[PDB]
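The structure appears below as structure tokens.
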Amino acid sequence: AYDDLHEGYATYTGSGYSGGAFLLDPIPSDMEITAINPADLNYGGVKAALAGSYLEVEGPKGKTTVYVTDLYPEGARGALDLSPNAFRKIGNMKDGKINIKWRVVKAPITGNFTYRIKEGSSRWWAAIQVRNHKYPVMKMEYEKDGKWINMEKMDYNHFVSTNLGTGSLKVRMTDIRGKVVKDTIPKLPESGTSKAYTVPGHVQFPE
Ligand SMILES: OC[C@H]1O[C@@H](O[C@H]2[C@H](O)[C@@H](O)[C@H](O[C@H]3[C@H](O)[C@@H](O)[C@H](O[C@H]4[C@H](O)[C@@H](O)[C@H](O[C@H]5[C@H](O)[C@@H](O)[C@H](O[C@H]6[C@H](O)[C@@H](O)[C@H](O)O[C@@H]6CO)O[C@@H]5CO)O[C@@H]4CO)O[C@@H]3CO)O[C@@H]2CO)[C@H](O)[C@@H](O)[C@@H]1O
């Protein structure tokens with residue numbers, strides 16, 4: 001987002017570093033992270049729209065930036081569940097709950113997307129996650145026989161389709177601002193991949 005704004009409340013949690021719902025592991029233990037309420041997570045009617053986004057969060061004591069790694073199931077609109085190293089920067093740990101303002105911001109990252117091909121993926125069914133993206137990824141499409149096919153983003157932060165075809169995949173990704181970039185991902189196997197793997201991408205959303 002270039003500009004954005006939300007109000008709500010934050011609490012804190014030790015979860016989300018490992019086994020978070022968005023399958024973004026490994027998460028370095030000293031990263032500042034957050035779980036996010038389902039209503040804001042599924043922005044624009046896209047499941048996990050905000051997975052792997054970064055938020056700037058302002059509390060009573062200051063501002064800080066967090067990586068969104070997990071779902072906050074019991075969260076109301078605007079609600080966030082921060083890691084302790086983030087919460088203590090913007091509020092007092094003696095509080096179980098604080099008022100916050102927050103917004104989607106550009107990821108503090110460098111380089112291009114990487115893609116994660118989920119175990120079980122094949123030409124018949126594949127789940128493809130985008131990582132290292134500067135803004136939330138709202139949409140992913142691949143080209144098959146001259147037409148662009150929309151992939152459904154899943155709760156587990158991968159985009160899914162079926163009968164994708166043989167050969168390398170031409171893909172296009174759309175961010176929360178409507179910016180579109182295109183890339184190529186190496187071919188999917190004929191049989192389901194026994195293990196998940198990552199592939200370096202060659203494109204990034206614009207600044
Ligand atoms: O030779 C005879 C004829 O064959 C035809 O071709 C057939 C072919 O024979 C057949 O093998 C093939 O079967 C494939 C299916 O088409 C395809 O749908 C299927 O996809 C499965 C996949 O195997 C499986 O791994 C995957 O599991 C996902 C799951 O969906 C997902 O929900 C779950 O996510 C969870 C996370 O793992 C978890 O961490 C998180 O917390 O929760 C998540 C959500 O709950 O993840 C798992 C694992 O990744 O599901 C998909 C989809 O259901 O794969 C089959 C085997 O490859 O079909 C072909 C076409 O029908 C020819 O057409 C004909 O000519 C021949 O004569």
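Chain labels A, B, ... are given in the sequence in which chains occur in the structure tokens; within each chain residues are numbered consecutively from 1, and ligands are likewise numbered from 1 in the order shown.
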
Proximity of chain A to ligand 1: per-residue shortest pair, 12 Å limit, only C-alpha atoms and all ligand atoms, as a Markdown table:
```
| residue | atom | partner | partner_atom_place_in_ligand_line | distance |
| --- | --- | --- | --- | --- |
| A:18 | CA | ligand 1 | 39 (O) | 11.5 |
| A:19 | CA | ligand 1 | 39 (O) | 8.0 |
| A:20 | CA | ligand 1 | 41 (O) | 8.1 |
| A:21 | CA | ligand 1 | 41 (O) | 5.8 |
| A:22 | CA | ligand 1 | 41 (O) | 8.0 |
| A:23 | CA | ligand 1 | 39 (O) | 6.7 |
| A:24 | CA | ligand 1 | 39 (O) | 10.5 |
| A:25 | CA | ligand 1 | 39 (O) | 11.0 |
| A:70 | CA | ligand 1 | 41 (O) | 10.9 |
| A:71 | CA | ligand 1 | 41 (O) | 11.2 |
| A:116 | CA | ligand 1 | 49 (O) | 11.5 |
| A:117 | CA | ligand 1 | 49 (O) | 9.2 |
| A:118 | CA | ligand 1 | 49 (O) | 5.5 |
| A:119 | CA | ligand 1 | 49 (O) | 4.9 |
| A:120 | CA | ligand 1 | 25 (O) | 3.6 |
| A:121 | CA | ligand 1 | 25 (O) | 6.4 |
| A:122 | CA | ligand 1 | 57 (O) | 6.1 |
| A:123 | CA | ligand 1 | 57 (O) | 8.0 |
| A:124 | CA | ligand 1 | 16 (O) | 4.7 |
| A:125 | CA | ligand 1 | 20 (O) | 4.8 |
| A:126 | CA | ligand 1 | 20 (O) | 7.2 |
| A:127 | CA | ligand 1 | 49 (O) | 7.1 |
| A:128 | CA | ligand 1 | 49 (O) | 10.1 |
| A:129 | CA | ligand 1 | 49 (O) | 11.6 |
| A:153 | CA | ligand 1 | 44 (C) | 11.6 |
| A:154 | CA | ligand 1 | 44 (C) | 8.0 |
| A:155 | CA | ligand 1 | 44 (C) | 7.1 |
| A:156 | CA | ligand 1 | 43 (C) | 5.7 |
| A:157 | CA | ligand 1 | 43 (C) | 9.3 |
| A:158 | CA | ligand 1 | 34 (O) | 9.1 |
| A:159 | CA | ligand 1 | 31 (C) | 11.1 |
| A:160 | CA | ligand 1 | 30 (O) | 8.8 |
| A:161 | CA | ligand 1 | 52 (C) | 9.0 |
| A:162 | CA | ligand 1 | 18 (O) | 6.9 |
| A:163 | CA | ligand 1 | 16 (O) | 7.6 |
| A:164 | CA | ligand 1 | 16 (O) | 10.6 |
| A:165 | CA | ligand 1 | 60 (C) | 11.0 |
| A:188 | CA | ligand 1 | 57 (O) | 11.2 |
| A:189 | CA | ligand 1 | 57 (O) | 9.4 |
| A:190 | CA | ligand 1 | 57 (O) | 7.6 |
| A:191 | CA | ligand 1 | 57 (O) | 5.4 |
| A:192 | CA | ligand 1 | 57 (O) | 4.8 |
| A:193 | CA | ligand 1 | 25 (O) | 8.2 |
| A:194 | CA | ligand 1 | 25 (O) | 8.8 |
| A:195 | CA | ligand 1 | 49 (O) | 9.2 |
| A:196 | CA | ligand 1 | 49 (O) | 8.3 |
| A:197 | CA | ligand 1 | 49 (O) | 11.7 |
```

Residues of the last selection are to be written out with C-alpha atoms, as a CSV table (one decimal), in the first residue's frame.
```
chain,number,residue,atom,x,y,z
A,18,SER,CA,7.3,-21.9,13.9
A,19,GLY,CA,4.2,-23.7,12.5
A,20,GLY,CA,2.3,-20.5,11.7
A,21,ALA,CA,-0.7,-20.9,9.4
A,22,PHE,CA,1.0,-19.1,6.5
A,23,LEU,CA,3.8,-21.7,6.2
A,24,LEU,CA,6.5,-19.0,6.1
A,25,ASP,CA,9.0,-21.0,8.3
A,70,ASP,CA,0.2,-16.2,11.4
A,71,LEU,CA,-3.6,-16.0,11.8
A,116,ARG,CA,7.9,-22.2,-2.6
A,117,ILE,CA,6.5,-25.2,-4.4
A,118,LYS,CA,4.4,-27.2,-1.8
A,119,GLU,CA,5.0,-30.9,-1.4
A,120,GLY,CA,2.5,-32.9,-3.5
A,121,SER,CA,2.6,-30.4,-6.3
A,122,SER,CA,2.4,-31.7,-9.9
A,123,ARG,CA,1.1,-30.8,-13.4
A,124,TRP,CA,-2.3,-32.0,-12.0
A,125,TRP,CA,-2.4,-29.8,-8.8
A,126,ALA,CA,0.1,-27.4,-7.4
A,127,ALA,CA,0.3,-25.0,-4.5
A,128,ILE,CA,2.8,-22.1,-5.0
A,129,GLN,CA,3.7,-19.6,-2.4
A,153,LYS,CA,-5.0,-18.0,-2.7
A,154,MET,CA,-5.5,-20.5,0.1
A,155,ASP,CA,-5.7,-19.9,3.9
A,156,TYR,CA,-2.2,-21.5,4.0
A,157,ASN,CA,-0.7,-18.7,1.9
A,158,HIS,CA,-0.1,-20.6,-1.3
A,159,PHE,CA,-1.8,-20.1,-4.7
A,160,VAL,CA,-3.5,-23.2,-6.0
A,161,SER,CA,-4.6,-24.4,-9.4
A,162,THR,CA,-5.2,-27.7,-11.3
A,163,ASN,CA,-4.3,-29.1,-14.7
A,164,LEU,CA,-1.6,-26.5,-15.1
A,165,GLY,CA,0.1,-28.3,-17.9
A,188,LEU,CA,6.3,-29.0,-12.5
A,189,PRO,CA,6.9,-32.8,-12.3
A,190,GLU,CA,4.5,-35.4,-13.6
A,191,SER,CA,4.3,-37.0,-10.2
A,192,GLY,CA,3.6,-35.1,-6.9
A,193,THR,CA,6.8,-33.6,-5.4
A,194,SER,CA,7.8,-35.7,-2.4
A,195,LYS,CA,9.3,-32.6,-0.7
A,196,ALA,CA,8.5,-28.9,-0.7
A,197,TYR,CA,11.2,-26.7,-2.3
```

(message) I want to know what sits within 7 Å of residue 52 in chain A, based on only C-alpha atoms, with residues of the same chain fewer than 5 positions away left out; could you give that as a ChimeraX atom specification?
(response) /A:67-69,136

Let me see the file: selected residues, C-alpha atoms, as a short mmCIF file (atom, residue, chain, number, x, y, z; two decimals), in the first residue's frame.
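Result file follows (selection_16.cif):
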```cif
data_model
loop_
_atom_site.label_atom_id
_atom_site.label_comp_id
_atom_site.auth_asym_id
_atom_site.auth_seq_id
_atom_site.Cartn_x
_atom_site.Cartn_y
_atom_site.Cartn_z
CA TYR A 67 6.23 -9.41 9.51
CA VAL A 68 2.81 -11.09 9.28
CA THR A 69 3.31 -14.80 9.80
CA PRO A 136 0.92 -8.13 -0.17
#
```

(message) For a test of reading the model, state the distance in Å between CA of residue 99 in chain A and CA of residue 59 in chain A, rounded to one decimal.
(response)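 It comes out at 6.1 Å.
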
(message) Under the rule that only C-alpha atoms are counted, which of A:141, A:4, A:58, A:74 is the nearest residue to residue 169 in chain A?
(response)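 The answer is A:141, which sits nearest to residue 169 in chain A.
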
(request) Assign secondary structure with DSSP using the backbone only, and return the residues of range 41-145 of chain A in strand (DSSP E or B) as a count of residues only. (result) 44

Could you list, as a PDB file with N, CA, C and O atoms, in the first residue's frame, every residue within 7 Å of residue 184 in chain A, counting only C-alpha atoms and ignoring same-chain residues fewer than 6 positions away?
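Final output, saved to out00.pdb:
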```
ATOM      1  N   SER A 168       7.699 -25.160 -18.195  1.00  0.00           N
ATOM      2  CA  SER A 168       7.823 -24.043 -17.267  1.00  0.00           C
ATOM      3  C   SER A 168       6.576 -23.161 -17.267  1.00  0.00           C
ATOM      4  O   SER A 168       5.871 -23.050 -18.276  1.00  0.00           O
ATOM      5  N   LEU A 169       6.308 -22.530 -16.129  1.00  0.00           N
ATOM      6  CA  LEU A 169       5.097 -21.730 -15.981  1.00  0.00           C
ATOM      7  C   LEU A 169       5.349 -20.233 -16.087  1.00  0.00           C
ATOM      8  O   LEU A 169       6.185 -19.681 -15.371  1.00  0.00           O
ATOM      9  N   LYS A 170       4.612 -19.578 -16.976  1.00  0.00           N
ATOM     10  CA  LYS A 170       4.615 -18.128 -17.011  1.00  0.00           C
ATOM     11  C   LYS A 170       3.591 -17.659 -15.993  1.00  0.00           C
ATOM     12  O   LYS A 170       2.432 -18.058 -16.049  1.00  0.00           O
ATOM     13  N   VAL A 171       4.028 -16.827 -15.051  1.00  0.00           N
ATOM     14  CA  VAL A 171       3.143 -16.358 -13.997  1.00  0.00           C
ATOM     15  C   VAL A 171       3.064 -14.824 -13.948  1.00  0.00           C
ATOM     16  O   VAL A 171       3.991 -14.127 -14.364  1.00  0.00           O
TER      17      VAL A 171
END
```

(request) Would you list the contacts of residue 88 in chain A as a PyMOL selection string, taking every protein, DNA or RNA residue within 10 Å and counting only C-alpha atoms, but skipping same-chain residues closer than 5 positions in sequence? (result) chain A and resi 12+59+61-62+64+82-83+93-94

(request) Using only C-alpha atoms, find the one residue out of A:14, A:138, A:57, A:181 that sits nearest to residue 41 in chain A. (result) A:138

For residue 9 in chain A, list every protein, DNA or RNA residue within 6 Å, evaluated using only C-alpha atoms, and leave out those in the same chain fewer than 2 positions away; present the list as a PDB file with C-alpha atoms, in the first residue's frame.
```pdb
ATOM      1  CA  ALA A  79      -6.655  -6.614  16.154  1.00  0.00           C
ATOM      2  CA  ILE A  98      -2.901  -1.806  24.118  1.00  0.00           C
ATOM      3  CA  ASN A  99      -4.467   0.607  21.612  1.00  0.00           C
ATOM      4  CA  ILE A 100      -2.693   0.654  18.272  1.00  0.00           C
TER       5      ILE A 100
END
```

(message) Taking 5 positions as the minimum chain separation for residues in the same chain, which residues sit within 10 Å of residue 13 in chain A when counting only C-alpha atoms? Answer as a ChimeraX atom specification.
(response) /A:33-35,81-84,87

(request) Kindly indicate which residue among A:1, A:39, A:199, A:140 lies nearest to residue 78 in chain A, using only C-alpha atoms for the distances. (result) A:39
